[PDB]
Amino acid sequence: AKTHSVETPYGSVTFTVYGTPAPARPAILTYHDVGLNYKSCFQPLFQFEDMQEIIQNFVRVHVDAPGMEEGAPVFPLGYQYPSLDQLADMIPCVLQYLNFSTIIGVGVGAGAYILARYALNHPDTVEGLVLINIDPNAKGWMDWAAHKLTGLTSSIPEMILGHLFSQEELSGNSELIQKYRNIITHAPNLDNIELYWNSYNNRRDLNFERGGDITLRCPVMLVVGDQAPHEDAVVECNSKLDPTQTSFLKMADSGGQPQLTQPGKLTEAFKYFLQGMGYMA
């Protein structure tokens, strides 16, 4: 259980490696959403007992985006934070530092985009992808206008929260919502989070086309909550991928962060995803 760090053209990235050496399986590599880090995004899911049972036969690499890791310094003012594409270009350095040749990528939101871009760049290194809340399209001008309007009366934390959770959830104000409102609003590194939020917002098209030559070439499990902010984007993404290689898990009752609210169902789906990939799980 070791925390590492590597220099890349776009700065250093921190990552934690877990598990016994498993040379004949891909590494499970994770990448978290805006506002979160591995701990606030994925730890509840990966510490879930049923998930522990599956992952014991894999090595796991948990990436913290630059500036998001525990105890990260706040970037100086004017820092040019890497674009999502530049974040995907940090991953070869992580894998070569580790001497790993293939991965199954598991990502949420911004993290799902980053891993999908990584896969497009390096498709022989990616055996499968779990993509939670992916929006593979650039922000359209209509959406930009509505976002800038919203930003006139909402703070950056409130806006990151509307990216993470449904509006029903946030007015519901459950104990998970209050906990995450507090996490983000009072984050010591909130200024770094804003930079990543901006990169998210400012992303380009991934450009999937069904029967196209810009496609993912591995199994993919698309995950989203019914009525959650990214439902439409994930539904649309599904329509652009190879249906024989793609499964779509639209979870009722899960909300904006399925990996936080339904780790049990998500773990069971992962199990069958791996079996469909040809791996005993």
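When you see a residue number, it is the position in the sequence shown, counting from 1.
- Per the PDB record, of the two stretches 202-210 and 76-84, 202-210 carries the greater mean B-factor over its C-alpha atoms.
- According to the PDB record, 248-256 carries the higher mean C-alpha B-factor of the two stretches 248-256 and 35-43.
- Comparing C-alpha B-factors across 94, 106, 195, 177 in the deposited entry, the largest value falls on 177.
- Note on 237, 68, 223, 29: the highest value goes to 237, judged by CA B factor as recorded.
- Residue 128: CA B factor lies in the lowest third for its chain, per the PDB record.
- Residue 271 sits in the lowest third of its chain by CA B factor, as recorded in the PDB entry.
- The entry lists a Cα temperature factor for residue 166 that places it in the highest third of the chain's modelled residues.
- Compared with the other modelled residues of the chain, the Cα B-factor recorded for residue 181 ranks in the highest third.
- Looking at the C-alpha B-factors along this chain, the one for residue 102 belongs to the lowest third.
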